[PDB]
Structure formats: structure tokens, C-alpha cells
Amino acid sequence: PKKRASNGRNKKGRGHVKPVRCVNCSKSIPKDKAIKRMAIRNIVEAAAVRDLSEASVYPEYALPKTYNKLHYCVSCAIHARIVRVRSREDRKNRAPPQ
Amino acid sequence: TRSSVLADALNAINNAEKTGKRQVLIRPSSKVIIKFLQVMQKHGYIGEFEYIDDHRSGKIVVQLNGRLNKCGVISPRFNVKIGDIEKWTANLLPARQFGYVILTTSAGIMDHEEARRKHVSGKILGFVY
Amino acid sequence: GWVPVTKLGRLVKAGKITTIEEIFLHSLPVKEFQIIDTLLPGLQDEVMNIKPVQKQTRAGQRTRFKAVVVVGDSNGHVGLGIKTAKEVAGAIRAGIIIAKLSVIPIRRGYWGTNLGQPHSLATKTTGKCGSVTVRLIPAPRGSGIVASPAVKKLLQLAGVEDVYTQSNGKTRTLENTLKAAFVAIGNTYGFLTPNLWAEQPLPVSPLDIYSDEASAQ
Amino acid sequence: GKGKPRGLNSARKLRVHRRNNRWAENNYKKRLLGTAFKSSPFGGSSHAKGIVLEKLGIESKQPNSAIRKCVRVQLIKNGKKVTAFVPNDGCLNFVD
Amino acid sequence: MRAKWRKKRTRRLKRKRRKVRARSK
Amino acid sequence: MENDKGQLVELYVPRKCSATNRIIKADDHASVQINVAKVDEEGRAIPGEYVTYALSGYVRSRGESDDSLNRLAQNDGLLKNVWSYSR
Amino acid sequence: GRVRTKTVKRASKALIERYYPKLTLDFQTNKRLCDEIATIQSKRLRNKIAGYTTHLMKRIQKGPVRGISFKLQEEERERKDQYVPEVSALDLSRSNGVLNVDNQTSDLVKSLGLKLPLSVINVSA
Amino acid sequence: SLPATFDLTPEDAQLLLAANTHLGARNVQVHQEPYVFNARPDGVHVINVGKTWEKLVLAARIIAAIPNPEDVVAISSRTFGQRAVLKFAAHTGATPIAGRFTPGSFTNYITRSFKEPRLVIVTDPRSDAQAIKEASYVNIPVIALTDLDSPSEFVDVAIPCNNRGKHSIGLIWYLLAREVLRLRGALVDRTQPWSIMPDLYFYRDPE
RNA sequence: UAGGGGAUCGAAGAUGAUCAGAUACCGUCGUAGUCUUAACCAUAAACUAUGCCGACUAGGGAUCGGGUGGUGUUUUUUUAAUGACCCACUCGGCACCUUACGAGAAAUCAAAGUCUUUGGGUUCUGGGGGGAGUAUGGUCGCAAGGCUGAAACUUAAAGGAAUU
RNA sequence: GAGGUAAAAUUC
Ligand SMILES: [Mg+2]
Ligand SMILES: [Mg+2]
Ligand SMILES: [Mg+2]
Ligand SMILES: [Mg+2]
Ligand SMILES: [Mg+2]
Ligand SMILES: [Mg+2]
Ligand SMILES: [Mg+2]
Ligand SMILES: [Mg+2]
Ligand SMILES: [Mg+2]
Ligand SMILES: [Mg+2]
Ligand SMILES: [Mg+2]
Ligand SMILES: [Mg+2]
Ligand SMILES: [Mg+2]
Ligand SMILES: [Mg+2]
Ligand SMILES: [Mg+2]
Ligand SMILES: [Mg+2]
Ligand SMILES: [Mg+2]
Ligand SMILES: [Mg+2]
Ligand SMILES: [Mg+2]
Ligand SMILES: [Mg+2]
Ligand SMILES: [Mg+2]
Ligand SMILES: [Mg+2]
Ligand SMILES: [Mg+2]
Ligand SMILES: [Mg+2]
Ligand SMILES: [Mg+2]
Ligand SMILES: [Mg+2]
Ligand SMILES: [Mg+2]
Ligand SMILES: [Mg+2]
Ligand SMILES: [Mg+2]
Ligand SMILES: [Mg+2]
Ligand SMILES: [Mg+2]
Ligand SMILES: [Mg+2]
Ligand SMILES: [Zn+2]
Numbered sequence: 002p003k004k005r006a007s008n009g010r011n012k013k014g015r016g017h018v019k020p021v022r023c024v025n026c027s028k029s030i031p032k033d034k035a036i037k038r039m040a041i042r043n044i045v046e047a048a049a050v051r052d053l054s055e056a057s058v059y060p061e062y063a064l065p066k067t068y069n070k071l072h073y074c075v076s077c078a079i080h081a082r083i084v085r086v087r088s089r090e091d092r093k094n095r096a097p098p099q
Numbered sequence: 002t003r004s005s006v007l008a009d010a011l012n013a014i015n016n017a018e019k020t021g022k023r024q025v026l027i028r029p030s031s032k033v034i035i036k037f038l039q040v041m042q043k044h045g046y047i048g049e050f051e052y053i054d055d056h057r058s059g060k061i062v063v064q065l066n067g068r069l070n071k072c073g074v075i076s077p078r079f080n081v082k083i084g085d086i087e088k089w090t091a092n093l094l095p096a097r098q099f100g101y102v103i104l105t106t107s108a109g110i111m112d113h114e115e116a117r118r119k120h121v122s123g124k125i126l127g128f129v130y
Numbered sequence: 034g035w036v037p038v039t040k041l042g043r044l045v046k047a048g049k050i051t052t053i054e055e056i057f058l059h060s061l062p063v064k065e066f067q068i069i070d071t072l073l074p075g076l077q078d079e080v081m082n083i084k085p086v087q088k089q090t091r092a093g094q095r096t097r098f099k100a101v102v103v104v105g106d107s108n109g110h111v112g113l114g115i116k117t118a119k120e121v122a123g124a125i126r127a128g129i130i131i132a133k134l135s136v137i138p139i140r141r142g143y144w145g146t147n148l149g150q151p152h153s154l155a156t157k158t159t160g161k162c163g164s165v166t167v168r169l170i171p172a173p174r175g176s177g178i179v180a181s182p183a184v185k186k187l188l189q190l191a192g193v194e195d196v197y198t199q200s201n202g203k204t205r206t207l208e209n210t211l212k213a214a215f216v217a218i219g220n221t222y223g224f225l226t227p228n229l230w231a232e233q234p235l236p237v238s239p240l241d242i243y244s245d246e247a248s249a250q
Numbered sequence: 002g003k004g005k006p007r008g009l010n011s012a013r014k015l016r017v018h019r020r021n022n023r024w025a026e027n028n029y030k031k032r033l034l035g036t037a038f039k040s041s042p043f044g045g046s047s048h049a050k051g052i053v054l055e056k057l058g059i060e061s062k063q064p065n066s067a068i069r070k071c072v073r074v075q076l077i078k079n080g081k082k083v084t085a086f087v088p089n090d091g092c093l094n095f096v097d
Numbered sequence: 001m002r003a004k005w006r007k008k009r010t011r012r013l014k015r016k017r018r019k020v021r022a023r024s025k
Numbered sequence: 001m002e003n004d005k006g007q008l009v010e011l012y013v014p015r016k017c018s019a020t021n022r023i024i025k026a027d028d029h030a031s032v033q034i035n036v037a038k039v040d041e042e043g044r045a046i047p048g049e050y051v052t053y054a055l056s057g058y059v060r061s062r063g064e065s066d067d068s069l070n071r072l073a074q075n076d077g078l079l080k081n082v083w084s085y086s087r
Numbered sequence: 002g003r004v005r006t007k008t009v010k011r012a013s014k015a016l017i018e019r020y021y022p023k024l025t026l027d028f029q030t031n032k033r034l035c036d037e038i039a040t041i042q043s044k045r046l047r048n049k050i051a052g053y054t055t056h057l058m059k060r061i062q063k064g065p066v067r068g069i070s071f072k073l074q075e076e077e078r079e080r081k082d083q084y085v086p087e088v089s090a091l092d093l094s095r096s097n098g099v100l101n102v103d104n105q106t107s108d109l110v111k112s113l114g115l116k117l118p119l120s121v122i123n124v125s126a
Numbered sequence: 002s003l004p005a006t007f008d009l010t011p012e013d014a015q016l017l018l019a020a021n022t023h024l025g026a027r028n029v030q031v032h033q034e035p036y037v038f039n040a041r042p043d044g045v046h047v048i049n050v051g052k053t054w055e056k057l058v059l060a061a062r063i064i065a066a067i068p069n070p071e072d073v074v075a076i077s078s079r080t081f082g083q084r085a086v087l088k089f090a091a092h093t094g095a096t097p098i099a100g101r102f103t104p105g106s107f108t109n110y111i112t113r114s115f116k117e118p119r120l121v122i123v124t125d126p127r128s129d130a131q132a133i134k135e136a137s138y139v140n141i142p143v144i145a146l147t148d149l150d151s152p153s154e155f156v157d158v159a160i161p162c163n164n165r166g167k168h169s170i171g172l173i174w175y176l177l178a179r180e181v182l183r184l185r186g187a188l189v190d191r192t193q194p195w196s197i198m199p200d201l202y203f204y205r206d207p208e
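Residue numbers (UniProt numbering), protein chains in the order written: chain A, 2 to 99; chain B, 2 to 130; chain C, 34 to 250; chain D, 2 to 97; chain E, 1 to 25; chain F, 1 to 87; chain G, 2 to 126; chain H, 2 to 208.
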């Protein structure tokens, strides 16, 4: 039955907004239905920052960060450990886990 | 839009009896409700009420004593014979010893116990018990 | 023999509370079944339906027995208690007990004449447990309890001689049918009837003036 | 107003939309169109009369396993071949 | 079976049936 | 509820709520009765002379037993302009 | 590897709450005293009780033990709980004797009619 | 019916204004409480001192004229009000329940913590919500020290207080314990103040 | 259907693997199509699976659009006026959170509430599961199809919510 | 505030 409220997405009185494509399996999905992960990262790892400071010719240098916004479908966000199935009462928690 | 003012003025009263509000505020109440509220005021179901007067329709604040179970409306206004008041006072009244199915005769808006004494009939509006 | 621990239970053995209708005034809860036994020994037990309830388990199939017990004498006193247990005879022993704690008075009146000996209900009441709605309608004299034979015995043990009933929903079950009529008989006092508009000045509870014996000692 | 009209001059809508909804019963459907008269080979009757053509060995449906010893009866007033049953413990020998 | 492929089963059943009907008229 | 001669039959006239004028029935376990003392000068509460305020279980479930007690105690004469009739 | 059961912790709770005298944090005086003052059937469960009372007597002088009152915190905390500090009361104004009363609070004082010392400090938005 | 004596004294108004009892709640505000009067800016409100004192003498008037003095159980699970309810039993009978409420106490007559009181006094309706819920089954009047944002369901006459500071709760218990000792007369005089210091009813940190 | 476009993706189809078989999933290539003009068709899980109009019933925090008040803040050239923002209030929104007096078979619902203490106005649809969204007839369309729409016969269960 | 991951597996 109706286990949710909006039941698939974050559309409140629009009908149709925008289809987007997944990054893992190229699945077409609405934009508010696909979950989002702003996977911000450094351009180098934590182990490659020691050897880069010795090889740098610069006295001081600001480390760049590779920013990217990439979406997931429902089927490739559960196989990959991104989201998990929760209990019936803990579905309502919309806060990000810290 | 609005079709029955008397039906929209009793729903504010019945919701006040359930929630416990001692007063209502009804609009666009006519003088049909004025001759109707005086029926309940004579029998003691409501207290005093004050028709305020703006030029448009007026509003009424009915001070209620809390002694009212439900005052309803019968839509539309069916024609009632003298030999058919027993059908209405048995279906939608809880007991025989009380309850007032009011019905508009040519003498005015009037309960059925006075229509037996005056030997007149007419159209029905609602029921008070 | 029996040692009360409830504050109301010590006023029962001492004898300060005589009638049950004094407890019904102040909505006092009854948590021990010895309270309304020493004040009215005239109650009669009656079982209505004993059906097996089952739970699916890993190794085998676990089962229990549900007992529906309706107690109560005449003059407007009933009680409904439903208790499940692992046996049949053990379920009806504790089915009486819950029915002793669930005693509620029934207001009966007249049909259309205040002549004497009230036989029928006063107003039309309806209870709803589950899907079953039981519409109790007052009947004239000698009309009989026009109801289901499970609902009839609950009304024969109620002091009601004559009543008209209407039902709606799946009334073949007796779990929700008997509880729907049990709400309906309790709604007789919960209806504003005229000639009750006089205001009594709220008498003092028996736990206030008999608080010397109703204590820990 | 619970879907249905409640107008004081609206008895025509309440008597046509019943007739548009009486075609959902079974009893109202079999009576007007003559289903008992045209099909169901007894022509609106309770009993009839026929001639045995042959005997049957109709096996009972699952989960039971039996032979019900039926017969084939051709009617007289219609001429339709209708299967028939013998509701006793061995009156098939009593019939030919 | 699936209610869509029963629908297309009856859909190609219609085209095959009215083609035989149209060549006998 | 009486008859032709004597015989006050069908007893247990139930309690009525002092706020909403509704009948407090038997199995209404959320009902609350308030006992208020009659005090005078120099102490002397005199236990036994109560001011009984009975409230039903609907007012507490609605959440207005704090406000319904302000109306029923000021008109007796033991408050002042704390509770305003105008709102 | 090894976790004590409840019945060891039940009897050890019964010993500490009433035998805080005649027992110290040494094991050998906690072992030979349970031979008479308690009725323990076996030696193995007897040493496990005395081995756990000794573990709890070590953490009494270090800090308070929660959920266990040994008939001496019943006396030493009640004489501590009535602290009754001196005239620096933080309600009776002795330091900055005039009361810090805001603008809307000053209107509440004149509404009830009483005469009090008021120091007006305007709060910002 | 209270002629001249039971009004607000200026010797007690300095205690309420200095203990921050007149400070209200945040931007959240319950419509059911008509106690908002001259709200100070930055979102806060001002609780009426003249209305707090008068809703406090009705709370102590119900505690009086009860035959058993021990059936008035104060409930406190808040850490700021644990000390102010144990000393409420040192002066009245008034057996307290502090810390955990151990539910099944108003019902469940089998357990060893089964208390059957007559009047339950509540520090805060949010944290002591089990005491309010179980009192609706066994017919107990409930008095609570409700803040302006506290829920007001299943509670009787309440005293508008603040529960955000260290000194706002404990001085209200000092006023409730004093008025139940002026009534049931042990101190015959009301003009002279009560014997001991009001610092005894304030919670102490473990440090 | 008839022109223009035809970069990608790509129903058909050809191949490479996997597989007992693999006309598939996966890999590669590639039409029709995706784009547009001029016409047709007009069905979707066209769903909020919840007709529309009107009234009443409950608290709370946000936000969009407009407006009104500030002992307001900031931008400032000489103080301004605007704009942005804050606070308070009020309409019209998309909604949400906590609750149950109420409603429901339950999941749940400020509405599915004010409904046996069953009548505000009004339109449409449904009457056990199949056979049937099939047959025939009429009509529309270039076609695929859309709308309207049974019977014979067969079965006693199908189905919903929830618990273990 | 970032921290790994896809072979095949049909029936009673
Ligand atoms: Mg599912
Ligand atoms: Mg759509
Ligand atoms: Mg069965
Ligand atoms: Mg089993
Ligand atoms: Mg039966
Ligand atoms: Mg059909
Ligand atoms: Mg039928
Ligand atoms: Mg013939
Ligand atoms: Mg013939
Ligand atoms: Mg045949
Ligand atoms: Mg099949
Ligand atoms: Mg040809
Ligand atoms: Mg192309
Ligand atoms: Mg292919
Ligand atoms: Mg191949
Ligand atoms: Mg192929
Ligand atoms: Mg392929
Ligand atoms: Mg459609
Ligand atoms: Mg959808
Ligand atoms: Mg649809
Ligand atoms: Mg709202
Ligand atoms: Mg509700
Ligand atoms: Mg329910
Ligand atoms: Mg059918
Ligand atoms: Mg169709
Ligand atoms: Mg056709
Ligand atoms: Mg055709
Ligand atoms: Mg064409
Ligand atoms: Mg066609
Ligand atoms: Mg059929
Ligand atoms: Mg069968
Ligand atoms: Mg399951
Ligand atoms: Zn994916």
C-alpha cells in the first residue's frame, strides 16, 4: 500500500519537472527522485600530501578541491553502500546522519 | 456557492457543542433562523443571542448553555401531512417524551407539538433535541 | 482471606461504601474484583463463544483459546470480559475476572408513558467496535428483545425487557459484535436528556470524608 | 450530499439512474431478457419430461474420486440434449 | 501472465481476425 | 423519570461537568474533581468545607482545564482581573 | 572471556550496603569473613563474591558509586545537601542592590502598584 | 473570598524579579495561555508577576484541606528540580518521586513502587509526560509548572514559570512550600517572613 | 502523411561473449525514431490511485507573492527616498511537523473530520471472481486504433489491510 | 568535511 507520503520524490503539485541520468548505470530518473551526494574531495589523497610538499617549488600553495554533483538511482544507491533500508518508524527521520 | 444559509448556520452550532464552545458566530443568517433560534430559546436548548447589525447580512452570537445534543437540518423542505408527522418523529428523534421536529406552517416556524394543537402543517426545516 | 491494597478496597471490607452506585458517581476505577462481589452477590456468569486462536511458529503451531464471558444481574448491571489463555477451562476463569472490573450501569426508561416499572431504554444509542454498529431502539411493552441470540442474552442479563436492535457490518463475529453493544448500553448515561437540567451541587467523594480508614494503615 | 442529488424537483434523475443501475443484479437481468425463456432449456418451468438417450459415467471433480452415474436426456418440448442425475443409491438399474 | 502482454496478445488477435473477415466480404 | 405515585425509580442521577455542562459517565477515567478550601483570617483552613469543582475528561483531552478553571473560580469571587472575559 | 553472573552481583550488593564496617579492601579479610556471616554453599561461588566486593571497595574511596548506598552516604550526603550558603544569596540584592529591570519589565511593576527599586537598562535588537 | 492579606507583597516581588521568573519563552508560544503581556524584544516574552503569584495561591489551596498529608506526590525528572522535591517531603507529608518515574506506579498495584496519590505536582510537562499520561487513567488532578511553550494537555490550574535557568524553578518551590505551611498554621503570622533562608531550595552542581 | 534536418542516443536487424540452449541481460555497429514546419492520432501508474463549489472544526515552526506598522539594521553624497534584511500582523499559495476530540477494516487522514445522535448544492462511476474490455452493431481515424459494449458458459472464492 | 564495487546458479 501507500508506505510513503510523496511516495517517490520531492514533487509537491507540479506533475513533471526534469528527467536526469544516473552516473552508475545511466538510468533515466526525475531530478527530485534521484538522491544527491555532493561528494566533495581533495584533489590529492591524505598520503600524497607529504611527497607533494617536498616536490613543490612554491613556498605556500592552496590545495585545490575537486567539487562534483552526481546523482544515483534507487537501484544503484542500495547495492552500493550509500543508503540502507531502515525501520518503519525511522523512515520519518529526514536529518542527515552525523 | 451558498445554497442553504440555515444549514450553514447550524453546522457552526453543532461543532460548538462537540468542542465545547459556549458561543458561535453565524453568517449570512436570515430571519428564518431568527424565528428558528427563538424555538430553541423557548424550550431552553440555547440561551440569549444577539443579532449584530451591519448593512449586509448581520451576524449572531448565540450564548449556549451546553444543554444541546444536536440541532440538525432536513434538506430539502419536504411537504408534511398531518397523518405523516408520526413518520418524522419516530425516525430522527431519540425518544417519544422529548425531541422537537420543527416544521414551517402558515403560522410560522413552529415545532410539531404545537402543530398538533393548532391543527396545521406545511414544510419541514430540521430537528432539535 | 483477602488483603486489599487499593485505597478504595479498604472501604469495601470496612463497610463504609454500601452500594455500587456510590462508586459510579465519582468515576472511581475498579482494579480488584473482590470489590463488586461483596456489594452485589447476585451476578451470574455466562460464556458466549470459545474459539481457538493460533500463532504460527518455527517448530509446529502454537494455539490458545479465547473466552468471551458476559456477567451481570438485572436492574441495570452488566460486565464484559474477554481473556485468552492456553486452556479452555483456564480462560473462562479469568474471563469472569475482567468482566467483574468492567461493570457499567445501564439507564433504562419508558417508551411513551411514565406509568411505572421501567422496561425499555430511554433514548436511541449506538456503539461501534470495529465495523459492527448496534443501534439500540426503545420498544413498547412486551415487545421482547429483538436481537441476535448472543446480543439477546447480554440484554437479558441487563434488566432490559423490551428493545429493538439494528445491525450493520460483519456481525458474524462475536468479538466485535458484543463489544459494539457494550459501548451502546454505556452511552445511555452519556446523552443529555431533559428533566435532568437541574444542577446538583456536586457531593463530596467518599475518599475525602472516609479517609481515616482509607489509608496505608 | 453523498453524491446523489437532493433537489425538490429532481425525481426524474433519481428514477433513471436507478434503471441504469438495475442492470448489475442477477435477478433483474434474468427476468427481462428472457434468459429463463430462451436459454436454460426449461421454458420458465419447474419440471419437464424427456427421453433417455444414453447413460453417463461422469467422474466427480477433485478432491473426490467417484462416478456419479448420470444419464443423457433429450427433452420433448424443446428437443435439447440435457444431462441429468439420479439422486439415489442405485436407481440407474431401475432406469433404461 | 502480465496484463500488458495479454493485452498485446488480444491486440494482434484483432488484426488477424478482421483481416480474415475483410477477405470474405 | 418518575411515575404515577411516589417511587423515584431509576436512580443514579450522574454528575455534570462544571465547565461544558456535559455528563461525566462511569468509565470516563480522565474526569477530575477539584476540592478548594474555604479559608479565613489567621490561618484556619477548616478541612471539611470544600468548594467542589468537577471537570470532565474532554476538557483535559482538549487541553483547556487550566483555562476553564479560571472562569469557574473568578465568578465565585476568589480571583481578580487575571482571567479576562474579553479576548 | 569471563563475565560474572547476576547472583554474584546480587549478593555483593547485599554485602556492601550493610557491612561497610568490619570489611576493608583486602581480599583475605573479605574471604574468611563470608564463611560465617553468609551461607554460601560452595567455595567457588564464595570466592567470586568476595572477588567482586574487593573490586568495588577499591572504587569507593576513589569516587562515588552510583546506585549503591552503604548506610554512610545516607548520613554524609544529607549533612552535605543542607549547604545553606551565607548572605551572598544571589536573590537578596546586596551587591548592586538596585534591580536590573528592563523596559517592558518596568511596565509590569507599575501595573501591579508596588514600589520597588528599578534600574532601567535598554536591551538591543 | 481573600480579603486583604493574600495579595502580592513587595518583600516577595524582589525574589521573583531577581530569580528571572518573569522571563517567558522563545519565539514558540502556546495560544492556549493568555499570559503574554509586554513582550520584550529578541523573541522573548514576559510572564506576569502579578498573575504568577495569584495562580500560585490556588495551587497551595488545593494541597490544603486534604485529610492525608502524604498523598501529594511531586514528580521531578529534570536535573534542575531534583533537590526542590526531596525537601518538599521534609515539611509536608508529601512523598516524592525523583529521577525515574518508574512507570506502572499509578496503575499496576502489584509493584513495590505503587503509589496512589490525590494531587500530582509536576515540574515540567515535557519531561514528566508519563506522570500526566498515567494520571488520566486513575483520576488524579495534575498541577504543573508550565512554561509558555509547554504543552497544556491533561493538566489543571498551572503556574506560569520559566525552565531555562538555574534559579527560576527552585524559588517557585520555595513559594509553594511556604504557603502550605502558612495554611495548616504552624507559623501564625504572615507579615513576618518564614524562618529559614530560600537558598536551600536550589540545585547544587556536583563540582 | 508530406518537406527540411539527420551531432548523439538508438524499437528492427547484423555480429562478440556468457549459457545445457540465449532469437536476451552485457560489448560493438546501425536504420526507423529522437529535432522542426504543415497536418492527423488522441491513449498513460494522464496518480495526490483521493470530483468541484460553500461553511465549520487544532495547535506549532518555516517559505513564496502582495500589502500595512516599526524607539529597527545596513547601503549614504549633507540628513534623506528607495532596495536588501530584521520584528510584529494580515490575506492568497506549495507544503510540512506534532497530535486524535473525530473518521476508517486497518495502513493511515486537518482531511478520507463535522455519518445510525445516519439530509449544504451538485456531476460521474461501481454491485463476487472469470469469460470481456472479448463478440456483434454503430461511429471516428490515412493506418495502428479510440469511444459505446453483451451473451452462452464456468467457479466459490478472488481481493484489501495487518500480525506471527 | 572524503575513505570500493557486479561471473554462472534451471525444475520437484
Ligand atoms: Mg510492496
Ligand atoms: Mg504526470
Ligand atoms: Mg475458522
Ligand atoms: Mg502452524
Ligand atoms: Mg450467535
Ligand atoms: Mg460494466
Ligand atoms: Mg448481486
Ligand atoms: Mg415448444
Ligand atoms: Mg411439443
Ligand atoms: Mg448432453
Ligand atoms: Mg488460465
Ligand atoms: Mg480475393
Ligand atoms: Mg538519424
Ligand atoms: Mg537484436
Ligand atoms: Mg549466439
Ligand atoms: Mg531476431
Ligand atoms: Mg544485444
Ligand atoms: Mg482512460
Ligand atoms: Mg505519482
Ligand atoms: Mg483513474
Ligand atoms: Mg492551522
Ligand atoms: Mg479528530
Ligand atoms: Mg477508533
Ligand atoms: Mg459482478
Ligand atoms: Mg470502456
Ligand atoms: Mg467493436
Ligand atoms: Mg465494430
Ligand atoms: Mg493519412
Ligand atoms: Mg473500428
Ligand atoms: Mg457469473
Ligand atoms: Mg471446494
Ligand atoms: Mg512479515
Ligand atoms: Zn544507477
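Heads up, the beta-carbon is just placed ideally off N, CA and C, and yes, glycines get one too.
(message) Please list, in chain order, the residues of the region 67-83 of chain F that have any C-beta partner in chain C closer than 7 Å.
(response) Answer set for the region 67-83 of chain F: empty.
(message) Do H:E55 and H:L9 have their beta-carbon atoms positioned less than 9 Å apart in this structure?
(response) yes
(request) Can you pull the chain H residues whose beta carbon is under 9 Å from the beta carbon of F:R15, in chain order? (result) Those do not exist, as F:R15 stays about 12 Å from chain H at its closest Cβ, beyond 9 Å.
(request) Name, please, each residue of chain B whose Cβ falls closer than 8 Å to the Cβ of F:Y58. (result) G21
(request) Compare the C-beta of C:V111 with all C-beta atoms of chain F and state if any pair is closer than 9 Å. (result) no
(message) For the structure I just gave you, are there three or more beta carbon pairs, one from the region 70-85 of chain C and one from the region 100-116 of chain C, closer than 8 Å?
(response) yes
(message) What would DSSP say about C:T166, mapped onto helix, strand or coil?
(response) For C:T166, the three-state secondary structure derived from DSSP is strand.
(message) Check this for me: beta carbons of B:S31 and B:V62, under 9 Å apart or not?
(response) no
(request) Output, in sequence order along the chain, the residues in the region 145-173 of chain C whose CB is closer than 7 Å to any CB in chain B. (result) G145, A155, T156, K157 and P171
(message) Please return the same chain residues whose Cβ sits closer than 6 Å to the Cβ of H:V86, not counting the five positions on each side in sequence.
(response) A75, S77, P97 and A99
(request) State yes or no: is the beta carbon of H:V74 nearer than 9 Å to at least one beta carbon in chain F? (result) no
(message) Please identify, using Cβ separations under 7 Å, the residues of the region 38-64 of chain F that lie next to chain C, in order along the chain.
(response) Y50, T52 and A54
(message) On the DSSP letters alone, give me the boundaries of the alpha helix (DSSP H) that G:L16 sits inside.
(response) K7 to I17
(request) Specify the secondary structure class of B:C72 as computed by DSSP and reduced to three states. (result) strand
(message) Is H:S128 close to ligand 33? I mean its beta-carbon at under 8 Å from any heavy atom of the ligand.
(response) no
(request) Output the distance between the C-alpha atoms of B:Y101 and F:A54, rounded to the nearest integer angstrom. (result) 31 Å
(request) For F:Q33, count neighbouring Cβ atoms within 10 angstroms of its own Cβ and tell me buried if that reaches 16, exposed if not. (result) Buried is the call here.
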